[PDB]
Protein chains: 4
Amino acid sequence: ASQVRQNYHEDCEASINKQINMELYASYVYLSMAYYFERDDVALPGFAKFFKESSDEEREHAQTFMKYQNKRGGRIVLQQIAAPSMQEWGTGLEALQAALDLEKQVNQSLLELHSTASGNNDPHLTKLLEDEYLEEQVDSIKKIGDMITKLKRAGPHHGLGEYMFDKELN
Amino acid sequence: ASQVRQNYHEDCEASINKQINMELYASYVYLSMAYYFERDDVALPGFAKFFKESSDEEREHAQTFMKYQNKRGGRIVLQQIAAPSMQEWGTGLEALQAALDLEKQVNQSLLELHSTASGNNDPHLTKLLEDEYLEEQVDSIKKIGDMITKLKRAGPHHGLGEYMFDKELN
Amino acid sequence: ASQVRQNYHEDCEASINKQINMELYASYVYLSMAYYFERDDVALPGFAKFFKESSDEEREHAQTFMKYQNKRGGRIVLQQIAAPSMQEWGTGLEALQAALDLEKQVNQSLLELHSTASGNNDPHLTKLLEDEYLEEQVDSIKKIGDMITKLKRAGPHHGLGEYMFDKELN
Amino acid sequence: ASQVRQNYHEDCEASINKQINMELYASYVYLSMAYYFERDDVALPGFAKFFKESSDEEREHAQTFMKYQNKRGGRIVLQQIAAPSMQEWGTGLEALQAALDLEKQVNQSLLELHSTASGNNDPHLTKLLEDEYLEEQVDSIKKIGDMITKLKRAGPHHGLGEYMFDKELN
Ligand SMILES: [Fe+3]
Ligand SMILES: [Fe+3]
Ligand SMILES: [Fe+3]
Ligand SMILES: [Fe+3]
Ligand code: NI
Ligand code: NI
Ligand code: NI
Ligand code: NI
């Protein structure tokens with residue numbers, strides 16, 4: 001085994017590899033949304049910028065797990081990254097609602113990761129998940145929830161409301 | 001009695017203690033409104049900021065009466081602060097209308113304080129009430145009145161008008 | 001339920017609402033002490049400044065729980081804030097000893113909050129309590145303990161010792 | 001009569017002339033105290049500085065009434081300034097207690113001036129007394145009261161307490 005490995009269970013190492021793929025996939029989904037909103041027949045530059053940032057952050061999130069894997073002495077195994085579930089995302093509200101549910105799906109995965117780490121008495125992994133992932137995930141879900149509510153107030157259907165709300169995201 | 005006390009009637013000292021509690025209560029009401037508007041299903045950041053500032057100011061107003069009480073040689077007596085009348089405040093217009101009526105209720109109390117001070121020939125207390133409270137109260141009522149009118153013009157019902165008007169408060 | 005709510009148990013949401021009230025109450029107690037020490041017949045400006053800062057911090061502590069409640073999708077319920085247990089606090093030592101016991105009462109409540117969060121497998125809430133409350137609480141108790149010891153050394157009874165020790169707090 | 005005089009009653013003009021003399025007298029008393037505390041066998045430089053400032057302020061207070069007299073069209077009449085009641089003032093506490101009672105004697109005179117102005121429907125004179133005299137007088141009495149309390153705590157009798165308290169006034 002690795003000269004550095006200590007108190008690092010095989011199940012946590014495997015779950016990290018799965019979470020790496022999930023972060024890469026979320027990054028890919030947000031990249032799809034980002035350039036969907038730059039289409040000449042969608043033209044929502046604020047939504048495009050918002051999802052491009054989210055795509056970059058999820059790719060950073062995946063790399064933090066990869067660095068973590070190496071730091072604990074595990075071995076990174078990369079799988080294929082699935083095509084995004086959709087290729088057209090509808091209106092801003094429908095993309096936000098899809099993002100909201102993706103984020104809660106990732107949050108579920110992270111809490112199950114924490115349960116695995118807690119069950120194998122790995123306080124270093126539980127600290128990583130609390131400090132770097134579960135905190136950011138709850139804030140993202142709250143931010144998206146706020147945005148959904150604001151967009152519903154401004155007018156969620158392809159109209160002046162969506163046009164004005166898009167400026168708030170720029 | 002206090003070595004500093006002079007021309008300070010027991011009725012004014014008692015009315016100040018009542019006004020302290022009323023200011024603390026108004027502060028609590030505005031704190032309730034402030035974090036009501038930060039709910040993921042309300043998401044009016046401008047209203048939230050407006051009421052958070054008002055909550056801070058009313059707590060400052062209470063402390064100015066407490067300093068005043070001590071300066072005149074009276075004794076501060078603190079009572080319980082009642083729960084806010086409501087826990088959900090509806091739309092922006094309904095919160096502003098509730099704030100407008102709270103502010104005029106506080107103004108009434110202050111004018112009655114002035115009548116007590118004037119009836120006991122306390123020009124120092126009448127000067128405090130005119131310079132530090134009655135001036136600020138009239139300006140607050142005018143500001144809130146302006147806002148109510150502006151929000152009714154922009155569209156008071158959970159729509160684009162309320163969304164845009166909220167940006168003016170940010 | 002809230003679009004953002006996830007892994008947030010009803011018992012934690014209710015305990016947070018109770019802790020909000022306790023923080024508001026501690027803030028009120030420290031406000032009472034603060035302006036007690038600005039009385040013309042007490043005149044301990046250092047103690048007054050120390051308790052005024054503590055009052056501000058406890059009000060900030062309550063707002064962090066309110067933001068937290070909203071972030072997790074719970075609903076803030078505000079109750080009345082009880083009058084402070086006393087209206088006169090004696091000497092500096094007696095106020096510090098009262099503060100010490102209030103702080104350990106709040107610490108007990110927070111550790112029980114952590115037990116509730118830990119029993120419902122809420123690592124996000126346990127992280128909040130460890131990072132933002134239990135750390136600050138232990139440091140506050142140590143600081144107050146140091147001060148009590150220093151004041152007993154300098155001379156705790158209404159004398160030169162209390163007068164000099166008060167300058168250290170300014 | 002004066003080309004500028006308007007709504008200025010003879011009783012207010014006469015009472016202002018009396019208050020001018022009282023301010024000049026208080027200034028003289030504080031000058032006596034100031035150089036009493038610079039005696040080689042008293043040597044309280046902090047008390048000396050405190051009373052020298054108070055002497056300067058009371059002389060400024062007298063000149064503000066003189067400017068006021070001229071502004072309203074009255075005529076300044078200056079009387080003799082009595083010798084200070086004492087020539088030796090004892091300890092710091094005894095000088096502060098004498099100052100406290102002089103300040104409340106001046107405050108009484110000012111409130112009676114306000115009653116004269118209010119009885120003759122002179123809102124300009126009542127504004128002067130509230131804004132420039134009654135406000136400063138209450139703050140001075142509170143400050144002196146605080147100092148008396150602090151000096152009694154530190155030790156009012158010719159000892160280390162008075163020596164240390166004197167440094168706070170420097
Ligand atoms: Fe992520
Ligand atoms: Fe107010
Ligand atoms: Fe706290
Ligand atoms: Fe004066
Ligand atoms: Ni639609
Ligand atoms: Ni409506
Ligand atoms: Ni004692
Ligand atoms: Ni003596």
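All chains are named by letter (A, B, ...) in the order of the sequence lines, taking the proteins before the strands, and each is independently numbered beginning at 1. We count ligands from 1, going down the list as the structure has it; atoms in each ligand are counted the same way. Basis for what follows: all heavy atoms, side chains included, without hydrogens, waters or symmetry-related copies.
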**Q** Quick one: CD on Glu10(C) to CZ on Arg5(C), what's the gap to the nearest 0.5 Å?
**A** 8.0 Å

**Q** Using the ring of each side chain (for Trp, its six-membered ring), is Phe65(A) parallel, tilted or perpendicular to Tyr133(A), with breaks at 30° and 60°?
**A** parallel

**Q** At a cut-off of 2.8 Å, list the protein N/O/S atoms near the Fe ion (ligand 1), residue plus atom name.
**A** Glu23(A) OE1, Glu58(A) OE1, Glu58(A) OE2, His61(A) ND1

**Q** For atom NZ of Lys52(A), decide whether the heavy atoms of other residues, nucleotides or ligands shown that lie under 6.0 angstrom number more than 12.
**A** yes

**Q** Can you spot which of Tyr30(B), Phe165(B), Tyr36(B) makes a ring-ring contact (aromatic ring centres under 6.0 Å, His included) with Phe47(B)?
**A** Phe165(B)

**Q** Do the side chain of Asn120(A) and the main chain of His9(A) share a donor and acceptor less than 3.5 angstrom apart?
**A** no

**Q** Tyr8(C): what forms a ring pair (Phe, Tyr, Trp, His ring centres under 6.0 Å) with it, not counting sequence neighbours?
**A** none

